[PDB]
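Engineer: Structure below; questions to follow.
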Amino acid sequence: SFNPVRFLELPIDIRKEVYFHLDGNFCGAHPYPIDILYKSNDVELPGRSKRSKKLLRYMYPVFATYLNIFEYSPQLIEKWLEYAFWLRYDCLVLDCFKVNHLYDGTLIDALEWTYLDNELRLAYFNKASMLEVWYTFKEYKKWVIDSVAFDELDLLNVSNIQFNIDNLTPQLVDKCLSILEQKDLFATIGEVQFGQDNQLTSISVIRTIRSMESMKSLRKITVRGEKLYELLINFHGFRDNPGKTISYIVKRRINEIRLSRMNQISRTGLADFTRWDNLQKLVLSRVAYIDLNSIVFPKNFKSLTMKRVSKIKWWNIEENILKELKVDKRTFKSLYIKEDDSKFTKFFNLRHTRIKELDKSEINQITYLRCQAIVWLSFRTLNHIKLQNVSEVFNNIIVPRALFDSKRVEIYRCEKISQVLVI
Amino acid sequence: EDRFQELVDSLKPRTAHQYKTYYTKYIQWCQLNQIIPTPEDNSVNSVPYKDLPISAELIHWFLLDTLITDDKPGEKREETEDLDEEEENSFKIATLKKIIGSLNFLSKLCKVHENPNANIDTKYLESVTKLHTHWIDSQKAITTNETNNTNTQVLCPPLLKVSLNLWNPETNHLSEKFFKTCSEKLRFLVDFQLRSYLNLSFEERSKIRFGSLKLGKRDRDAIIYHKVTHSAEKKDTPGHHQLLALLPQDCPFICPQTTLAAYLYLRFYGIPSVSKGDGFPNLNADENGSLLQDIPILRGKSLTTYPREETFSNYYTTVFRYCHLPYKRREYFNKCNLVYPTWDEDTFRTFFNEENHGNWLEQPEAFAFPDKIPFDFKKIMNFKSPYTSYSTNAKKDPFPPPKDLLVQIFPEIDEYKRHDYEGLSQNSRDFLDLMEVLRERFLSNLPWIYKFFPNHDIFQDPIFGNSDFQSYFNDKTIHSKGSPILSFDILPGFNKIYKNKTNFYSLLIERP
């Protein structure tokens, strides 16, 4: 068996790194992750019990909404309903939430408001969108927040809960925002998501926006659609519309914008972020095609991370470099490129890409600073880049030396991406 | 294995497990109906993706037998309130769209595992989605009265108004030179009901013969217009089958079988003193495809031809200005967007052939595809409710018509039965039993026509004023002299407004 006390005696860095790789999965009644169900020949199907008939009659209509998704293999449910009594009170689980909140919401991702069992309690969803842990805010403040906030007042404040519409029905959106209104819990939430599973908006989106001015702790806003991205957070040319827009006072509050799953963000001529004039990060999560020449990029933005994309164009820096030193592309590829990998290039491996670099003997230290000013004219004071899973960059990738060092650009999944030149 | 990454990433995990729930329902239904064989007994039941049968008709037959055959004989009685039933069939159409999306995703998931028996033919399922969207939007139209300034047409349908106006024997305000005889009004009503119940264009209504109307091998209540198309109307790859159906309605004035039988009565016989009809046909020298395939369903200029198009255009215009209804050209002349499904020969030979699917526990033609017609298409385009799906709604029969009144009209079928009934051609006795079913429906629906419109030209014959005819009339219409509402039903939505006699009589314009 497993010993809970011996695990909680060893110090908090090891417990952090255990609950880091324990992604969100506290239960043994977890569904199979959706890569094994598709990389298999067979299709696992169901097909009698005595105790679960009592559980599926009483416990199950409480959890009907978030757990009718798993009606395939109801052995996963009748195993789940014994965890449903005691897993939320577990010392391992509560210690995971303690060491998460002690590191400002880094370890396990994004506790979420919901309305189950007529309470408006919190919820934690794993990566398979299954609930595992549900706490009301008195219980969540009592034995995990107050259990590590002994006396330091910079840790009594709990401002990292997502709100996440498309989880739940618009009637439940209305009831959740009304009960969240009658308490003082708008400073409690940390970010909002958007759904919508020809400028028309859904009922649950309008209910979310009309109470979004009262947040006063809102950052990290995110959308998931494309026909909704083009409406409520993109500029779209329009600049004066009182109703149905996202209330510019709360545009100033947010820190970052996540764009979850789309085809293009510049479906029109320009994916302009002229407003949202105070955001720092922008994460493109599963968008299929983005052009960096079609994003307008505010005065103070720093990070543009972008994972799981299918096609990238680039900021076409190569089209502007070749006008500066005034050579041909074929002469540039075979003449000015050095491909140096001295020691810091070999630190982070990138064994599939080939990191390249301009010369020093063919450029006389002027029109090297101009060739670098081209790159900084294209980036416009961004630092963090972070290319995860990507494919087929159209233009070649150009990074400056001031940003390639200190791991501030970071290509991670390198199979089809290749030949990044650093200037 | 190249396509697995953009197949997982194409969905949310919540959407992926919802879709897996829905196609797990599908594969369980395929195992409990022996479509795909179970691997063993009392073990881990598992099917490969390589041999999982997915098609348009299999997906739709799953959709029938699980989602839209919502009979539930222990809990049927919780659909009385319009709000709860509206929420329930909105849940039905949302789960319909989600199960069609899930099985589309499953058909896409089987192709990367090399399944040759997985082709969706997605225009069929989009037609099914559009069909149920049309029905749920008709119920949305009845449940919402304050959309526009047309609350009368929110209440009143075009079909019932035009039908009850065209059953009027007098035309003192309808038309002077267009609708003189009642037989011409009946053939106009035949054309209008073959337009409404069978959403065709004008040319498929022009293609209608006598021999193209079969009977129900499963029902015997439906009139099976097998629109036979082999290699020449515009299309190659010869066999393209579009099956059609005419069911007897609850109201005897919007029934296509009653109106068809009445016009065939006034066509074969007519009035003996005013207008002699076309006469009863030969049905003795009938080649299989000559005589009944050269005679149209209604007469025109000549006695064996189809009428003119702009005459029906003027008929539509004069009736819709008499009934105050906005006419548009494509909604009654051209092809409809939502029609009966036209099969191809490959699926029609592979799927409906019961001898090539002996491994199946239950054939599709037995219960859910009657007369090789999809069930929901039949009972939506015939204006019924497809959700009870196995009831006896049309079989409510008080005061049934006797055989003595049957053997006194159309005696020629009795003559052929006392002739060599087997020695004739197949189309001949098929049309004879067709006319038997039409005559039984006409004799059943005749007392309501006599009670509401006694001056009609069916009764321009002094043999109808006998003892047995008027006795059956009084026996069927004895229960309507004091009731404020009618007895028979009208339409699946319109039985709580126009079942009252006041609104049903205000449908009429002349003699309400």
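Note that we place each Cβ from the backbone using ideal geometry, even for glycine, and neighbour counts take in every protein chain shown. Rule-based calculations on the coordinates, nothing more; no lab input.
Engineer: Of the residues in the range A:44-77, how many are charged (D, E, K, R) and over 24 Å from residue B:95 (Cβ atoms)? Let's see the steps before the verdict.
Structural biologist: Residues of the range A:44-77 that are charged (D, E, K, R), as a first pass: A:44, A:48, A:50-51, A:53-54, A:57, A:71.
Retained after the next criterion (residues that are over 24 Å from residue B:95 (Cβ atoms)): A:48, A:50-51, A:53-54.
Residues flagged as charged (D, E, K, R) and over 24 Å from residue B:95 (Cβ atoms) within the range A:44-77 amount to 5.
Engineer: Can I ask one more? Has the range A:146-157 got at least one residue that is among the polar types (S, T, N, Q), surrounded by 15 or more Cβ atoms within 10 Å (Cβ to Cβ) and in a loop (DSSP other than H, G, I, E, B)?
Structural biologist: no
Engineer: List the number of the failed condition for residue B:28; all other conditions in (1) part of a loop (DSSP other than H, G, I, E, B); (2) within 10 Å of another protein chain (Cβ to nearest Cβ); (3) not charged (D, E, K, R) hold.
Structural biologist: With respect to (1) part of a loop (DSSP other than H, G, I, E, B); (2) within 10 Å of another protein chain (Cβ to nearest Cβ); (3) not charged (D, E, K, R), residue B:28 is out only on (1).
Engineer: Residues that are surrounded by 20 or more Cβ atoms within 10 Å (Cβ to Cβ), of a type outside the set (S, T, N, Q) and out of contact with any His (no Cβ under 6 Å at 6 or more places or on another chain): does the range B:41-49 have at least one?
Structural biologist: Within the range B:41-49, one or more residues are surrounded by 20 or more Cβ atoms within 10 Å (Cβ to Cβ), of a type outside the set (S, T, N, Q) and out of contact with any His (no Cβ under 6 Å at 6 or more places or on another chain).
Engineer: Does residue B:396 satisfy the criteria of being over 24 Å from residue B:269 (Cβ atoms) and under 30 Å from the mean Cα position of the chain (by Cα)?
Structural biologist: It is true that residue B:396 is over 24 Å from residue B:269 (Cβ atoms) and under 30 Å from the mean Cα position of the chain (by Cα).
Engineer: Return the total of residues in the range A:275-307 being within 14 Å of another protein chain (Cβ to nearest Cβ), over 13 Å from residue A:393 (Cα atoms) and assigned to a loop (DSSP other than H, G, I, E, B).
Structural biologist: Within the range A:275-307, residues that are within 14 Å of another protein chain (Cβ to nearest Cβ), over 13 Å from residue A:393 (Cα atoms) and assigned to a loop (DSSP other than H, G, I, E, B) number 4.
Engineer: Separate question: Out of curiosity, is residue A:77 in a helix (DSSP H, G or I), under 27 Å from residue A:175 (Cα atoms) and within 14 Å of another protein chain (Cβ to nearest Cβ)?
Structural biologist: Values: in a helix (DSSP H, G or I): yes; under 27 Å from residue A:175 (Cα atoms): no; within 14 Å of another protein chain (Cβ to nearest Cβ): yes.
No: the conditions fail for residue A:77.
Engineer: Then there's this: Any residue at all in the range B:117-130 that is closer than 18 Å to residue B:7 by Cα and of a type in the set (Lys, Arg)?
Structural biologist: No, that holds for no residue.
Engineer: Going by what's in this entry, would residue B:72 be described as on the phi > 0 side of the Ramachandran plot and either among the acidic types (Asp, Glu) or more than 7 Å from every other protein chain (Cβ to nearest Cβ) (or both)?
Structural biologist: Criteria met by residue B:72.
Engineer: Within the range A:41-74, count every residue that is touching a strand residue (DSSP E or B) at 6+ places or on another chain (Cβ under 9 Å), more than 7 Å from chain B (Cβ to nearest Cβ) and closer than 30 Å to residue B:1 by Cβ.
Structural biologist: Step one: of the range A:41-74, the residues touching a strand residue (DSSP E or B) at 6+ places or on another chain (Cβ under 9 Å) are A:41-45, A:63, A:66-67, A:72-73.
Going one step further and asking which of them are more than 7 Å from chain B (Cβ to nearest Cβ), we end up with A:63, A:66-67, A:73.
Okay, now just the ones that are also closer than 30 Å to residue B:1 by Cβ, so A:73.
Looking only at that region, the number is 1.
Engineer: Taking the range A:14-36, which residues are touching a helix residue (DSSP H, G or I) at 6+ places or on another chain (Cβ under 7 Å) and within 29 Å of residue B:44 (Cα to Cα)?
Structural biologist: Within the range A:14-36, A:26, A:27, A:29, A:31, A:34, A:35 meet the criteria.
Engineer: I need the full set of residues from the range A:372-399 which are crowded, with 19+ Cβ neighbours inside 10 Å and either of a type in the set (D, E, K, R) or within 18 Å of residue A:329 (Cα to Cα) (or both), in order please.
Structural biologist: Matches in the range A:372-399: A:374, A:375, A:397, A:398, A:399.
Engineer: From B:35, B:93, grab the single residue that is surrounded by 16 or more Cβ atoms within 10 Å (Cβ to Cβ) and in a helix (DSSP H, G or I).
Structural biologist: Of the residues listed, the single one that is surrounded by 16 or more Cβ atoms within 10 Å (Cβ to Cβ) and in a helix (DSSP H, G or I) is B:93.
Engineer: State whether one or more residues within the range B:100-116 are over 30 Å from residue A:260 (Cα atoms), crowded, with 16+ Cβ neighbours inside 10 Å and more than 10 Å from every other protein chain (Cβ to nearest Cβ).
Structural biologist: Looking through the range B:100-116, at least one residue is over 30 Å from residue A:260 (Cα atoms), crowded, with 16+ Cβ neighbours inside 10 Å and more than 10 Å from every other protein chain (Cβ to nearest Cβ).
Engineer: Considering the range A:401-419 alone, what residues qualify as being hydrophobic (A, V, I, L, M, F, W, C) and assigned to a helix (DSSP H, G or I)?
Structural biologist: Listed by number, the residues that qualify are A:402, A:403, A:404.
Engineer: Then there's this: Of the numbered conditions (1) assigned to a helix (DSSP H, G or I); (2) surrounded by 16 or more Cβ atoms within 10 Å (Cβ to Cβ); (3) of a type outside the set (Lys, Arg), residue B:203 satisfies every one except a single condition; which is it?
Structural biologist: Residue B:203 satisfies every listed condition except (2).
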